[PDB]
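**Q** Supplied in structure tokens, the structure appears directly below.
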Amino acid sequence: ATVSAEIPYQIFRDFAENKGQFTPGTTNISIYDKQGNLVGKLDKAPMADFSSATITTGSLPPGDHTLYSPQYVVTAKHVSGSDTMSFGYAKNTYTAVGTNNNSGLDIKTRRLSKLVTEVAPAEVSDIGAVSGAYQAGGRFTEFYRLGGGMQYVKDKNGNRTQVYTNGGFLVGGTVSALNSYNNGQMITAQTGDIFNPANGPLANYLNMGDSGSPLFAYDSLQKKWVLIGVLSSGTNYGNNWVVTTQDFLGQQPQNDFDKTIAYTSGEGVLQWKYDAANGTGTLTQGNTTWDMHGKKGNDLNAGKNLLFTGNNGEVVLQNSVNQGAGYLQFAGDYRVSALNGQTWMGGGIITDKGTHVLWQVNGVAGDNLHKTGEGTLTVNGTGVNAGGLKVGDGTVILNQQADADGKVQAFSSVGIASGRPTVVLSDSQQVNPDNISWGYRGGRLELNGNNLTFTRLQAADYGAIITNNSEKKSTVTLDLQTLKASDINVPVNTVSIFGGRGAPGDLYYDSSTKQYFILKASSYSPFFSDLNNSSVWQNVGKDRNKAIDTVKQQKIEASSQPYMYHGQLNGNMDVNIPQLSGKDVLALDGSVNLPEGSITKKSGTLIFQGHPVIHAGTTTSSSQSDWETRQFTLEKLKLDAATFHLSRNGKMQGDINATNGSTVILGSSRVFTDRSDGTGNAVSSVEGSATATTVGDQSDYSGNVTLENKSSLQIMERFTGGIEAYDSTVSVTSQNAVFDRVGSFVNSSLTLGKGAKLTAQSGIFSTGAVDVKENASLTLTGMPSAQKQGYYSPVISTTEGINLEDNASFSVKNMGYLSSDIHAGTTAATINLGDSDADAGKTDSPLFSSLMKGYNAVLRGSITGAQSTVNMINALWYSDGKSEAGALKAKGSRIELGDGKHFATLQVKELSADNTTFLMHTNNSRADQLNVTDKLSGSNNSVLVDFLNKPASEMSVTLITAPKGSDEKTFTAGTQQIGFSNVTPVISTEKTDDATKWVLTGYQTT
């Protein structure tokens, strides 16, 4: 319990409670200084599971006892002072009923009243007391320690400092190899030297209170962790453990078993009689008689365990049995039934691996049946069972038969813990779902095609699982309520003339005026001195039913808090969440895996989020840096006038259907934490705001979002899907938003916020226009080929306008096609046509020549941005109408100025066209014109003319005007094949005192 002061102390506690980065199985865990330097690696063996040690021992410090058999624990003999101890969570308490002391060593085992279901018993080493078997370079390669004694820290100089424990907690770490003494019965190690590297990177020295604490060693031949010792004594230099041997630890469990009951198949059914007074009974078959013992008086230890062997055995209970601490273990398939309504209760039931037991005996009110073992237990009683079920391993099938009068109940409540077991519901009448409980590490609840309705989800941690593996789809209704109206008591008290001692929120009835009042304080003044005050009374309506409802609403509202579910929703299930009572908010920090399932929320708020890492002793906060990523896999999430948050560290895959004014926020800051997360207590909801700094911690969404009836969508973090918006709003502020599928906007607004970046790979359709704000980049692209890397496939996009603000950037490249005009106004936008990078997008589609015309991008709108730059690189631009641009730098591109019949204009202050091609139409008297005002550059440009009427022999139409003194060889006429012949315009150039011009004058033919 003395550890290094140079290592963060929280590590020694997370190592102890298997929290943080010390979850069982984790390998190669690096250990760092307080300053950040490397101390050592936990690489010799995977992380061990310390859950077999007590989390709480009542008046004794934690870690005093260690579970090695489902009902028995081990500790040092001199440890004493507590009969109650806990496993998993502190609340999961167990009671000791018997002790077996080793006559020669400082070790003893103790028996519990019931089988521990929350944790798995530790494995005792096969070696036992062999002198020197636990030495270095031997069979064992790593040694771990856990305990809750008096906690100290110590620096390299030797200064020790006590740790403020508040109540006492578990601390663990490593120790060196062990030398044997006392004929190998005990092992020792020089653990006092915390900074000797032989003691490991998490060296522990054990002090007062660590007595009886476990010592584990990794067996390198059998490749598993085993329990080798419990702490007995110490010294200034090291500690001494008593070697735990299977020979002695098995003594007490064996002495508490009666003779094995061997069912002979041919003979009659095993008849079971029991004298409840004096605690003796018998099981007879043919001419063989087996003895059996149970509870005698108040001594639960008088009951002894039974082992059942044989195949398809039958047992009939002729008398009710209270076996005390004795439990039943079945090594074969068995059927057990009651005779008249007799009950059985005791230590529990163990079903060995590959066995099936048919349990038809009822339990007792106030008692819980503890079931463990990898086998299967089918509960098949009749009537209502007043009593509980605690399952920790294997499978339990609930199949309780109806009464003669119809009443049915398999158990008063069920508890699923350790993550091992699975509970299967035959029908939906087995257990009240509100009495289903998931404990330490949880487990699987198998609905099996049935429909359930919850008003509360008693789920302890992420181990809680609700699944359906049947082909019949299950429909879970989560009508969660924090305070049901049926459970509220509202007595109608009377206002006394002289004085009143009462509680707030209580109903009072004044006899005189006959009015109803809600009390606001702890007392009220005599002689009606405070009635017509307005601070100690709250007036309510005269109707007696009306006032009581207002009281019940006040209690429900005040008792209300946001709801949280830590478990998993997996399998073939649909989940319906209506409007929740009180605060209509539900947050999920667990997993969801519904491939064909749907989740529906009506009103209120639904939140998918990651789970903050739980550390020992600490309470989680939204301010944490370390979170677990949670996967929400759905087919369809339906929102009906609700608000949905996909918060940090949450990855979602599934479609979203929003309607009736729903608000969808992908990348929300709103999160929720649990004050009692990791404790097993009820949920304490706390609303917080958390923002992930790095990627991978940010929310990630994939799927198609459908918006209807004035709904909203906000894309703030990574997005990869589609949009079908009808009369709704979409806002994009993310920096890596990608439209995987089609983006449809029927009477809807797509707005890219400042700094946003959006790339649509499957075309956009909007009846309206798209808004690209400041510093925002919009990009249209053909569908990238899944087979070939870098290859794309052309896709058409239709929009009624694209609006660019100052510093915005709109780009079409790599098989992009867009029919939409673009507007920038006086702002400095940037339109990019084609891909600037070399090794640009390629394609194998035949649409390259047919639709793309051999270019990398096509635009059929018109650019209206007098202070904007247009970059064309192997691109095609149909300019339907008159266009204005600040500059135009085109390389190996094509531009077609005019529309049909109607003549357009292209006005640029600066033009720099290299290898570009320009096309105009002429009626022999007027043509589409290219107009350069400030500066012209480039060479090797071709100009084509399309004559609507037949070409005249002589004309004088101005096609292009350039600044005065521009090169006259920038533009050259180009041949165009017309009517099985080649027609070619002739352009004469006229230098003027104002501007250089290219003028069409005739043609050629051949």
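Simple scheme: letters A, B, ... for chains in structure tokens order, numbers from 1 for residues in each chain, numbers from 1 for ligands in the order shown.
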Pick out each residue of region 768-962 of chain A that DSSP on the backbone tags as helix (DSSP H, G or I); I need them as a PDB file with N, CA, C and O atoms, in the first residue's frame.
**A**
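Wrote it out as part01.pdb, contents follow:
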```
ATOM      1  N   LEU A 847     -19.502   8.190 -70.818  1.00  0.00           N
ATOM      2  CA  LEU A 847     -20.001   9.556 -70.718  1.00  0.00           C
ATOM      3  C   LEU A 847     -18.898  10.601 -70.823  1.00  0.00           C
ATOM      4  O   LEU A 847     -19.210  11.795 -70.882  1.00  0.00           O
ATOM      5  N   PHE A 848     -17.629  10.187 -70.829  1.00  0.00           N
ATOM      6  CA  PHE A 848     -16.531  11.139 -70.974  1.00  0.00           C
ATOM      7  C   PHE A 848     -16.643  11.917 -72.279  1.00  0.00           C
ATOM      8  O   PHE A 848     -16.530  13.148 -72.294  1.00  0.00           O
ATOM      9  N   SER A 849     -16.864  11.215 -73.388  1.00  0.00           N
ATOM     10  CA  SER A 849     -17.022  11.869 -74.680  1.00  0.00           C
ATOM     11  C   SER A 849     -18.455  12.302 -74.939  1.00  0.00           C
ATOM     12  O   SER A 849     -18.681  13.282 -75.660  1.00  0.00           O
ATOM     13  N   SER A 850     -19.425  11.592 -74.363  1.00  0.00           N
ATOM     14  CA  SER A 850     -20.831  11.843 -74.655  1.00  0.00           C
ATOM     15  C   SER A 850     -21.369  13.021 -73.851  1.00  0.00           C
ATOM     16  O   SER A 850     -21.978  13.939 -74.412  1.00  0.00           O
TER      17      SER A 850
END
```
**Q** Excluding residue 161 (chain A) and residues on its chain fewer than 4 positions from it, collect all residues at most 8 Å away from it, counting only C-alpha atoms, and give them as a PyMOL selection string.
**A** chain A and resi 152-154
**Q** Okay, now the selection with N, CA and C atoms, as a compact mmCIF listing (two decimals), in the first residue's frame?
**A**
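Saved the output as selection.txt:
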```
# COMPACT_ATOMS: atom_id res chain seq x y z
N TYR A 152 0.21 4.73 1.53
CA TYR A 152 1.31 5.69 1.58
C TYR A 152 1.90 5.87 0.19
N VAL A 153 2.67 6.94 0.03
CA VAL A 153 3.51 7.15 -1.14
C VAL A 153 4.92 7.47 -0.65
N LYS A 154 5.90 7.21 -1.52
CA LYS A 154 7.30 7.33 -1.13
C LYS A 154 8.11 7.76 -2.34
```
**Q** Show which residues sit within 7 Å of residue 700 (chain A), as an MDAnalysis selection string. Count only C-alpha atoms, and ignore same-chain residues fewer than 4 positions away.
**A** chainID A and resid 650:652 717:719
**Q** Which residues are near region 299-307 of chain A? Cut-off 7 Å, only C-alpha atoms, ignore same chain within fewer than 2 positions. Put them as an mmCIF file with N, CA, C and O atoms, in the first residue's frame.
**A**
```cif
data_model
loop_
_atom_site.group_PDB
_atom_site.id
_atom_site.type_symbol
_atom_site.label_atom_id
_atom_site.label_comp_id
_atom_site.auth_asym_id
_atom_site.auth_seq_id
_atom_site.Cartn_x
_atom_site.Cartn_y
_atom_site.Cartn_z
ATOM 1 N N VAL A 97 -21.078 -17.204 6.880
ATOM 2 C CA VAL A 97 -21.813 -18.067 7.795
ATOM 3 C C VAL A 97 -20.958 -19.177 8.384
ATOM 4 O O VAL A 97 -21.463 -19.975 9.175
ATOM 5 N N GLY A 98 -19.676 -19.256 8.037
ATOM 6 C CA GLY A 98 -18.844 -20.345 8.513
ATOM 7 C C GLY A 98 -17.386 -20.207 8.129
ATOM 8 O O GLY A 98 -17.066 -19.715 7.044
ATOM 9 N N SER A 113 -23.399 -17.138 2.376
ATOM 10 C CA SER A 113 -24.761 -17.657 2.449
ATOM 11 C C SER A 113 -25.322 -17.998 1.076
ATOM 12 O O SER A 113 -26.153 -18.906 0.961
ATOM 13 N N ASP A 256 -18.626 -29.531 3.123
ATOM 14 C CA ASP A 256 -19.993 -29.032 3.105
ATOM 15 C C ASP A 256 -20.838 -29.680 2.015
ATOM 16 O O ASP A 256 -21.963 -29.235 1.772
ATOM 17 N N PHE A 257 -20.319 -30.705 1.348
ATOM 18 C CA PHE A 257 -21.076 -31.470 0.367
ATOM 19 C C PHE A 257 -21.490 -32.808 0.966
ATOM 20 O O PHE A 257 -20.665 -33.511 1.558
ATOM 21 N N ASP A 258 -22.766 -33.154 0.811
ATOM 22 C CA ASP A 258 -23.220 -34.492 1.151
ATOM 23 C C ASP A 258 -22.761 -35.489 0.087
ATOM 24 O O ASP A 258 -22.176 -35.124 -0.938
ATOM 25 N N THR A 260 -22.590 -37.772 -3.022
ATOM 26 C CA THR A 260 -23.073 -37.472 -4.364
ATOM 27 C C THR A 260 -24.316 -38.290 -4.690
ATOM 28 O O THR A 260 -24.363 -39.499 -4.448
ATOM 29 N N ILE A 261 -25.325 -37.621 -5.241
ATOM 30 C CA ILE A 261 -26.586 -38.260 -5.599
ATOM 31 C C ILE A 261 -26.481 -38.722 -7.048
ATOM 32 O O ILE A 261 -26.508 -37.907 -7.975
ATOM 33 N N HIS A 293 -28.963 -32.238 4.327
ATOM 34 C CA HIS A 293 -29.102 -31.338 5.461
ATOM 35 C C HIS A 293 -29.447 -29.936 4.980
ATOM 36 O O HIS A 293 -29.025 -29.508 3.901
ATOM 37 N N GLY A 294 -30.220 -29.224 5.796
ATOM 38 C CA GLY A 294 -30.605 -27.862 5.481
ATOM 39 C C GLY A 294 -30.435 -26.919 6.653
ATOM 40 O O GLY A 294 -29.689 -27.213 7.592
ATOM 41 N N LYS A 295 -31.119 -25.778 6.609
ATOM 42 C CA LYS A 295 -31.035 -24.811 7.694
ATOM 43 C C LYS A 295 -31.657 -25.378 8.965
ATOM 44 O O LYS A 295 -32.738 -25.974 8.936
ATOM 45 N N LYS A 296 -30.963 -25.193 10.087
ATOM 46 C CA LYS A 296 -31.421 -25.669 11.389
ATOM 47 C C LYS A 296 -31.456 -24.485 12.346
ATOM 48 O O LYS A 296 -30.406 -23.974 12.749
ATOM 49 N N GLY A 297 -32.662 -24.048 12.702
ATOM 50 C CA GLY A 297 -32.826 -22.911 13.586
ATOM 51 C C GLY A 297 -32.448 -21.604 12.923
ATOM 52 O O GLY A 297 -33.135 -21.144 12.005
ATOM 53 N N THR A 309 -25.776 -36.188 -10.230
ATOM 54 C CA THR A 309 -25.221 -36.799 -11.431
ATOM 55 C C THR A 309 -26.286 -37.667 -12.099
ATOM 56 O O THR A 309 -27.396 -37.838 -11.587
ATOM 57 N N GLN A 323 -32.689 -24.818 2.527
ATOM 58 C CA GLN A 323 -31.391 -25.468 2.649
ATOM 59 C C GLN A 323 -30.325 -24.548 3.232
ATOM 60 O O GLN A 323 -29.152 -24.934 3.284
ATOM 61 N N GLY A 324 -30.706 -23.350 3.670
ATOM 62 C CA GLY A 324 -29.771 -22.418 4.269
ATOM 63 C C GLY A 324 -28.733 -21.914 3.289
ATOM 64 O O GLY A 324 -29.067 -21.227 2.319
ATOM 65 N N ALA A 325 -27.470 -22.252 3.531
ATOM 66 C CA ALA A 325 -26.395 -21.907 2.614
ATOM 67 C C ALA A 325 -26.091 -23.018 1.620
ATOM 68 O O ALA A 325 -25.284 -22.808 0.708
ATOM 69 N N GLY A 326 -26.712 -24.184 1.773
ATOM 70 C CA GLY A 326 -26.472 -25.277 0.846
ATOM 71 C C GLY A 326 -27.050 -24.971 -0.523
ATOM 72 O O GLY A 326 -28.190 -24.505 -0.643
ATOM 73 N N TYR A 327 -26.264 -25.229 -1.564
ATOM 74 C CA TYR A 327 -26.696 -25.014 -2.934
ATOM 75 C C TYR A 327 -26.721 -26.340 -3.683
ATOM 76 O O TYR A 327 -26.134 -27.337 -3.251
ATOM 77 N N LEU A 328 -27.415 -26.340 -4.816
ATOM 78 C CA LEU A 328 -27.566 -27.519 -5.655
ATOM 79 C C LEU A 328 -26.714 -27.364 -6.906
ATOM 80 O O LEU A 328 -26.796 -26.342 -7.595
ATOM 81 N N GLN A 329 -25.895 -28.371 -7.192
ATOM 82 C CA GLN A 329 -25.085 -28.408 -8.402
ATOM 83 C C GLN A 329 -25.487 -29.623 -9.223
ATOM 84 O O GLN A 329 -25.543 -30.740 -8.700
ATOM 85 N N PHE A 330 -25.765 -29.403 -10.505
ATOM 86 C CA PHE A 330 -26.216 -30.454 -11.409
ATOM 87 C C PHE A 330 -25.134 -30.719 -12.447
ATOM 88 O O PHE A 330 -24.763 -29.817 -13.207
#
```
**Q** At a cut-off of 10 Å, using only C-alpha atoms, what residues contact residue 164 (chain A)? Leave out same-chain residues fewer than 2 positions from it and give the result as a list in words.
**A**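 With the cut-off at 10 Å, the set is residues 150, 151, 152, 161, 162, 166, 167 and 168 of chain A.
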**Q** Under the rule that only C-alpha atoms are counted, which of A:962, A:277, A:452, A:824 is the nearest residue to residue 863 (chain A)?
**A** A:824
**Q** If you run DSSP on this backbone, which residues of region 156-369 of chain A come out as strand (DSSP E), and could you give them as number ranges by chain?
**A** A: 160-162, 171-174, 179-181, 186-189, 214-219, 224-234, 239-243, 261-262, 270-275, 280-285, 288-293, 306-309, 313-317, 321-322, 327-330, 334-338, 344-345, 348-351, 356-360, 368-369
**Q** Restricting the calculation to only C-alpha atoms, which member of A:121, A:86, A:678, A:586 is positioned closest to residue 18 (chain A)?
**A**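 Among A:121, A:86, A:678, A:586, it is A:678 that comes nearest to residue 18 (chain A).
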**Q** I'd like the contact shell of residue 798 (chain A) - 8 Å cut-off, only C-alpha atoms, skipping same-chain residues fewer than 6 positions apart - returned as a list in words.
**A**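 Close residues of residue 798 (chain A): residues 763, 764, 765, 766, 818, 819 and 820 of chain A.
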**Q** In terms of the shortest atom-to-atom distance over only C-alpha atoms, which of A:184, A:200, A:20, A:491 is closest to residue 612 (chain A)?
**A**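 Of all the options, A:20 lies closest to residue 612 (chain A).
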**Q** Which residues, written as a PyMOL selection string, have at least one atom at most 7 Å from region 459-463 of chain A, with only C-alpha atoms counted and residues fewer than 2 positions away on the same chain left out?
**A** chain A and resi 419+437-443+457+465+565-568+590+678+680
**Q** Write out the residues from the selection above, keeping N, CA and C atoms, as a short mmCIF file (atom, residue, chain, number, x, y, z; two decimals), in the first residue's frame.
**A**
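Result saved to part11.cif:
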```cif
data_model
loop_
_atom_site.label_atom_id
_atom_site.label_comp_id
_atom_site.auth_asym_id
_atom_site.auth_seq_id
_atom_site.Cartn_x
_atom_site.Cartn_y
_atom_site.Cartn_z
N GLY A 419 -21.62 -9.97 -16.75
CA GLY A 419 -21.46 -10.01 -18.19
C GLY A 419 -21.54 -11.39 -18.81
N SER A 437 -33.06 -5.86 -13.63
CA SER A 437 -31.91 -5.09 -13.18
C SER A 437 -30.63 -5.65 -13.78
N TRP A 438 -29.81 -4.77 -14.34
CA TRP A 438 -28.47 -5.11 -14.80
C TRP A 438 -27.47 -4.55 -13.80
N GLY A 439 -26.62 -5.41 -13.27
CA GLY A 439 -25.66 -5.05 -12.24
C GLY A 439 -24.25 -4.92 -12.77
N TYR A 440 -23.29 -5.23 -11.90
CA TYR A 440 -21.87 -5.16 -12.22
C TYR A 440 -21.54 -5.97 -13.47
N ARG A 441 -21.12 -5.29 -14.53
CA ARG A 441 -20.74 -5.84 -15.83
C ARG A 441 -21.93 -6.36 -16.62
N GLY A 442 -23.14 -6.34 -16.05
CA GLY A 442 -24.36 -6.55 -16.81
C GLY A 442 -24.52 -7.95 -17.38
N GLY A 443 -25.14 -8.01 -18.55
CA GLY A 443 -25.45 -9.26 -19.19
C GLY A 443 -26.49 -9.05 -20.27
N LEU A 457 -34.96 2.10 -16.59
CA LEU A 457 -33.93 1.18 -17.08
C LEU A 457 -32.84 1.10 -16.01
N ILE A 465 -27.35 -5.38 -21.74
CA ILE A 465 -27.66 -5.71 -23.13
C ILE A 465 -29.13 -6.09 -23.23
N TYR A 565 -29.39 6.01 -20.32
CA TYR A 565 -29.30 4.55 -20.44
C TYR A 565 -27.88 4.18 -20.83
N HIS A 566 -27.18 3.47 -19.95
CA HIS A 566 -25.79 3.10 -20.16
C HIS A 566 -25.60 1.82 -20.95
N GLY A 567 -26.67 1.06 -21.18
CA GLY A 567 -26.56 -0.26 -21.77
C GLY A 567 -26.56 -0.26 -23.28
N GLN A 568 -26.80 -1.44 -23.84
CA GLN A 568 -26.81 -1.64 -25.28
C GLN A 568 -28.20 -2.04 -25.76
N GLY A 590 -24.19 4.27 -24.46
CA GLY A 590 -23.83 2.89 -24.71
C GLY A 590 -23.79 2.58 -26.19
N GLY A 678 -20.53 4.07 -12.56
CA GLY A 678 -19.54 3.17 -12.01
C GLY A 678 -19.74 2.80 -10.56
N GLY A 680 -23.13 1.72 -9.39
CA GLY A 680 -24.29 0.87 -9.28
C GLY A 680 -25.53 1.54 -8.72
#
```
**Q** Quick one: pull the distance between CA of residue 46 (chain A) and CA of residue 12 (chain A), Å, one decimal.
**A**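 Spanning CA of residue 46 (chain A) to CA of residue 12 (chain A) is a straight-line distance of 16.4 Å.
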**Q** What is the distance between CA of residue 214 (chain A) and CA of residue 75 (chain A), in Å to one decimal?
**A**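 Distance reported for this atom pair: 8.0 Å.
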